[PDB]
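A.B. asks: Sequence, then structure. It's an experimental one.
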Amino acid sequence: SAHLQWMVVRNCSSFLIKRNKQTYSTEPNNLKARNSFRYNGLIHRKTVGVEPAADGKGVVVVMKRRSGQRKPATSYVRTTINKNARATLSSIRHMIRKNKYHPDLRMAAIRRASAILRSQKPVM
Amino acid sequence: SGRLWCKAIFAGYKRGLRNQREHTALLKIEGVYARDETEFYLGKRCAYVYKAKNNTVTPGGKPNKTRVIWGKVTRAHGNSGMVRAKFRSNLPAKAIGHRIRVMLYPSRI
Amino acid sequence: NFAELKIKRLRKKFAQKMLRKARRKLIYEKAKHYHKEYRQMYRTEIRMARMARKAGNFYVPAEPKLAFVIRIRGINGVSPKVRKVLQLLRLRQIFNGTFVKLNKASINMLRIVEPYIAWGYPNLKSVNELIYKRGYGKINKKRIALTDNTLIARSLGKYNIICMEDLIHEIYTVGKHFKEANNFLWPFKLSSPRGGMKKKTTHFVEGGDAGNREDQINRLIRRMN
Amino acid sequence: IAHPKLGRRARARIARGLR
Amino acid sequence: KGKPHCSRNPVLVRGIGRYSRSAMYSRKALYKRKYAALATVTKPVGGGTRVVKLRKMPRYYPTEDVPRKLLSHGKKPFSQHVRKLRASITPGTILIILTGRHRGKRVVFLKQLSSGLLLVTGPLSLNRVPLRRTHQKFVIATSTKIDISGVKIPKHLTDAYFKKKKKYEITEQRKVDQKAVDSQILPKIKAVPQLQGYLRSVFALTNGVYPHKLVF
Amino acid sequence: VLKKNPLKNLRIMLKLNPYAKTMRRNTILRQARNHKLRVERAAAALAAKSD
Amino acid sequence: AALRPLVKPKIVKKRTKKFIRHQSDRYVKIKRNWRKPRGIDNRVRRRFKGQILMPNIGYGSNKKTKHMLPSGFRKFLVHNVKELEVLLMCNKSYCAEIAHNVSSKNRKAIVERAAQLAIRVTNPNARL
RNA sequence: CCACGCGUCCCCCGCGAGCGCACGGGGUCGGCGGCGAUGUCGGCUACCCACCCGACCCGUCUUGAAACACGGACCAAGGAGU
RNA sequence: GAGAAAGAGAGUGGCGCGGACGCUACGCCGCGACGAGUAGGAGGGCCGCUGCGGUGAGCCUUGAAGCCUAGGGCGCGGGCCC
Ligand SMILES: [Mg+2]
Ligand SMILES: [Mg+2]
Ligand SMILES: [Mg+2]
Ligand SMILES: [Mg+2]
Ligand SMILES: [Mg+2]
Ligand SMILES: [Mg+2]
Ligand SMILES: [Mg+2]
Ligand SMILES: [Mg+2]
Ligand SMILES: [Mg+2]
Ligand SMILES: [Mg+2]
Ligand SMILES: [Mg+2]
Ligand SMILES: [Mg+2]
Ligand SMILES: [Mg+2]
Ligand SMILES: [Mg+2]
């Protein structure tokens, strides 16, 4: 299900790294990148991920669908947002809130997109 | 154009016979030799002023050599007008029997 | 809708607010009645001494029903019969204090620990200021400082002791539920005495501090807290 | 008056009276 | 509506009124005073009209924020503090500035200012110190008073007047305020004999003299 | 909660005991009143000593 | 104008001296690394006065300022540039160190990526 | 005086509105001042030195070790509940 | 959080699309009291060494292991990172 495979993954995963009294997790669809139950992206049915685009600018947003759970190629849908910083965040807010799609990650994705766009606007 | 600090001798630390506690200086203020006279000096600013080799920065002036360790008088100490003080860094034992200038300016008159 | 569901929320809130206000008026007038009772208790033992001296007889006042023990000797080297009595008096640390009512079952306990305790007959000001400054409560076998009347009232409501002057009245005027009211109180962690002890080891009669010092326990309390 | 079971009508009546 | 009256009871001690609540009921007269019972702006543009949203959402979020603080009550800002005087400092006394560049010079005190500071001039014609502010802790106040009940110091000088700006060359307004005030102060101290010579000299502790035994 | 001291802090004492307010009001009125009575008897005694 | 952290409380430390192991001054064969001595006549084990102090639990720092660098951050040992994306959001709290083994060629990519991602690096100029 | 209205029978003689001050569930200032490019600022720690207080050398067997009890010059490596 | 065993219970009759952190549940948080220790017992080590199965699209001749250090540091500490 989800709570069994969390209790398998929680200490035995290859994405987990543990050093300097800090515990992290490097799965690609993780928001805040930390080892927990809410934020781990491999487990759940419905999952938001925020990545920087293949282009230098833009934010791709990853949505796990409900149907192909065991089918990894047709499970994650991508959407690329190459816009201004306000409407990128309002787009991610509308996608997570108003679709009822895993609403606990609604603020962590906005934090992550705000951290990606700050790195994409040029260096001081 | 004159002098504006009372004379005090750093007598020792606050000490038991087999233990000294370096976070509290014993100051013997010249002129007051009783607890009915030590009432005036409570809570006054005080300073251990000493020269050294390398230049320090002096507030309101060019760099001098004279450095300080500030502190305040806290409470009286025994019947002979000896008084306690605490400095913000503890006094070195270099200063035993030297002149701490006990100020007047946190004044209560 | 949320029209009547809204208003009955503040109906219930206003109901319990008025309930709390009625409770505060209750404990106000209970404190006033207590002040009247203490005036009468102080004046009648003067009145009856005067009417005894007016005839030429003597008025023996009642032996007091309430003492306050303080542990003045430390942990080390305690005889076990002296030790168990102190554990039942709840004087474990040095300079703890406990109200203790008097009877034949308790005075013969206190004379076993006479070398280790200082005890006397505490004044109304002493029983006040000990409760207000150093008085805590054994709530859920924890130690919660008596900051509000609900901490007293939730534990001692069924003995009709629901403010702090109810507790003071039950301790001082020793009542029916003195056992429960006193065992509610945590043992008083009194400080070391300002000014200083006379002599720890010998009895108060022979110029010390141990043992019964009847009216003079108040001088000890005033400088121990 | 002050205890909540039997004093309910009395507190309601004094609540009506304080207007 | 209604004119706000002042407090009906006089304050007896701090936090205690002189009349209890029954007498206060009788005085306030509640026996006869019974009672019983944005974000969007439409604008035209040169399309149609646009509903602009004032105070729009943030364009950025820092990766983590602090939480809000708990609430405390008796902690005013500095302007809302009550301000103490000593008993010895009254307007008309003479002061000994102990710390700043005017070391130990005797000075006439004028006015408790609105930041808590003391308005100061021993007139600069004799001891060379202007209209200055000082602090009441750092100042010995001897018991030598002149009567300045019949003077006027200007209203426009205050803490925001004496506040530092950012070489400091003095303004002409400082000169005319100084010349306005000392022309009233200086003939008062010339009335007392040997006081103008007292103010020119500096306080100094010599040998064998101790502040706990000397009175002033 | 921080335990504030009812013998020093006034409103905690009132929070535990609202009748302490009227005891202290009545006793401050009595302090001042007996003080003024003794000052008036002392002034009368000085007037009688003058006369 | 470096990357300042979120909050910077007063990092109070109870003890600043190391715990010298007893009689590590007396010999060279004895390192200064603490070993609780288990002798029967030892002045240190039974806590005499004026002796070498023992590392009790009470010397532990508070949990809010434990492991905390004096610049307010916490270090995190980073081997490759792929791990700086882990600190992309733990930014105002946790800073990055590059390990000793990493090449001078591979330090520059990590330092530039950290300058993009606003991560403080403790040793940004470790080869020049 | 922590007492406030009216109407009803009889004994006895349940939502009023606003503001505001605060000895009220742990500190704030919506207060300030100075010094800073080759001579100065910070660095508690780690290097040397100075002073006051403290301060006998470890392991060990022992009732008790600093012992005029035995083992040990110093260092590196191996070295004992498998 | 409220001195008083229990329902912020259901029913029938008279514009602006917004809302911090969290929860490795083996985690996080809140109160209270407590802390001596040889012989010994137990727990926890993100203390340390050597090898083996997994794993880090780990590191490394643009310089790994080792060694030295008056450099910056973290941890009560074993130790560790620059
Ligand atoms: Mg003994
Ligand atoms: Mg004393
Ligand atoms: Mg030995
Ligand atoms: Mg032994
Ligand atoms: Mg010595
Ligand atoms: Mg042997
Ligand atoms: Mg043998
Ligand atoms: Mg033998
Ligand atoms: Mg033995
Ligand atoms: Mg011998
Ligand atoms: Mg021999
Ligand atoms: Mg042998
Ligand atoms: Mg030998
Ligand atoms: Mg232990």
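C.D. replies: Yes, it's here. Numbers count the residues shown, from 1 in each chain, chains lettered A, B, ... in the order given. Ligands and ions are numbered 1, 2, ... in the order given.

A.B. asks: Quick one: name the residues of chain G near chain B.
C.D. replies: residue G:49 (Cβ under 8 Å from any Cβ of the partner chain). C-beta here means a position set from N, CA and C on the backbone, and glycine is covered the same way.

A.B. asks: And the strands in chain G?
C.D. replies: With strands called from DSSP state E, chain G shows them at G:77-78, G:97-98.

A.B. asks: Out of the ones you listed, which one sits most buried?
C.D. replies: With neighbours taken as mean count of other Cβ atoms under 10 Å in any protein chain shown, the strands of chain G reach their highest mean count in strand G:97-98, at a mean of 20.

A.B. asks: wait, does that one make contact with RNA strand I?
C.D. replies: Yes: legend: contact between strand G:97-98 and RNA strand I by Cβ under 7 Å from any atom of the strand is shown at G:97, G:98.

A.B. asks: Which elements pack onto that strand?
C.D. replies: Applying 3 or more Cβ pairs under 8 Å, 6 or more residues apart in numbering or on different chains; DSSP states H and E, one finds that strand G:97-98 contacts strand G:77-78, helix G:104-116.

A.B. asks: Ok, which of those comes nearest RNA strand H?
C.D. replies: strand G:77-78 (20.1 Å; Cβ to the nearest atom of the strand).

A.B. asks: so who does the residue of chain E found nearest chain B touch?
C.D. replies: Closest to chain B within chain E is residue E:204: 2.2 Å, counting by Cβ to the nearest Cβ. For residue E:204, the contact set (Cβ atoms under 8 Å, 6 or more residues apart in numbering or on different chains) comprises B:1, B:2, B:3, B:4, E:104.

A.B. asks: Go again with 10 Å.
C.D. replies: Neighbour list for residue E:204: B:1, B:2, B:3, B:4, E:103, E:104 [criterion: Cβ atoms under 10 Å, 6 or more residues apart in numbering or on different chains].

A.B. asks: do the same with residue C:19
C.D. replies: D:1, D:2, D:3, D:4, D:7, D:8, D:11.

A.B. asks: so of these, which ones are in helices?
C.D. replies: D:8, D:11 (DSSP state H).

A.B. asks: Mind putting the contacts of residue C:19 into a markdown table with neighbour count and distance to residue C:158?
C.D. replies: Shown next, in a markdown table, are these (neighbours: other Cβ atoms under 10 Å in any protein chain shown; distance: Cβ to Cβ, whole Å):
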| residue | neighbour count | distance to residue C:158 |
| --- | --- | --- |
| D:1 | 16 | 19 |
| D:2 | 16 | 15 |
| D:3 | 13 | 12 |
| D:4 | 12 | 15 |
| D:7 | 17 | 18 |
| D:8 | 13 | 20 |
| D:11 | 18 | 22 |
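
A.B. asks: Among the contacts of residue C:19, list the two that are farthest apart in space.
C.D. replies: Comparing every pair within the contacts of residue C:19 by Cβ to Cβ identifies D:2 and D:8 as the most remote, at 11.1 Å.

A.B. asks: Which element, helix or strand, includes the closest residue to residue A:112 other than its chain neighbours?
C.D. replies: Take residue A:112 and drop its neighbours on the chain: the residue closest to it by Cβ to Cβ, 6 or more residues apart in numbering or on different chains is residue A:50, 4.4 Å away. Element membership for residue A:50, per DSSP states H and E: strand A:48-52.

A.B. asks: one step back: I would like a PyMOL command selecting only the buried ones among the contacts of residue E:204, please.
C.D. replies: If you want just the buried ones from those in PyMOL, going by 16 or more other Cβ atoms under 10 Å in any protein chain shown, the selection is:
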select buried, (chain B and resi 4) or (chain E and resi 104)
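
A.B. asks: and the gap between the residue in chain D positioned nearest to chain A and residue C:20?
C.D. replies: Nearest residue of chain D to chain A (Cβ to the nearest Cβ) works out as residue D:4 at 41.0 Å. As judged by Cβ to Cβ, to the nearest Å, residue D:4 and residue C:20 stand 10 Å apart.

A.B. asks: Find the residues that touch each one of those two.
C.D. replies: With Cβ under 10 Å, 6+ apart, residue D:4 and residue C:20 have no common neighbours.

A.B. asks: so who does residue B:91 touch?
C.D. replies: Here residue B:91 is in contact with B:10, B:12-13, B:22-25, B:27, B:48, B:69, B:71, B:85, B:98, B:100 (criterion: Cβ under 10 Å, 6+ apart).

A.B. asks: sec struct for it, please.
C.D. replies: The three-state label given to residue B:91 by DSSP: H, G, I helix; E, B strand; the rest coil is coil.

A.B. asks: Tell me where chain E has strands.
C.D. replies: E:11-13, E:16-17, E:40-44, E:49-53, E:94-97, E:106-112, E:118-120, E:132-134, E:139-142.

A.B. asks: TSV for those strands, including mean neighbour count?
C.D. replies: As requested, these are exported to TSV (neighbours: other Cβ atoms under 10 Å in any protein chain shown):
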stretch	mean neighbour count
strand E:11-13	12
strand E:16-17	16
strand E:40-44	8
strand E:49-53	10
strand E:94-97	22
strand E:106-112	21
strand E:118-120	23
strand E:132-134	18
strand E:139-142	20
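
A.B. asks: Please identify which of those strands is closest to residue C:37.
C.D. replies: Nearest to residue C:37, of the strands of chain E and by Cβ to Cβ, is strand E:16-17 at 24.7 Å.

A.B. asks: and the residue of chain D closest to chain A, what is it in contact with?
C.D. replies: C:15, C:16, C:19, C:22, C:23, D:11.

A.B. asks: so which two of those are the farthest from each other?
C.D. replies: The most widely separated members of the contacts of residue D:4, counting by Cβ to Cβ, are C:15 and C:23 (12.9 Å).

A.B. asks: show me what contacts the most centrally placed residue in chain D?
C.D. replies: Geometric centre of chain D, nearest residue: residue D:11, 0.8 Å, by Cα atoms, centre = their mean. Residues in contact with residue D:11 (Cβ under 10 Å, 6+ apart) are C:15, C:16, C:18, C:19, C:21, C:22, D:1, D:2, D:4.

A.B. asks: that older thread, next structured bit after the strand holding residue A:50?
C.D. replies: Downstream of strand A:48-52 (by DSSP H and E), the next one is strand A:59-64.
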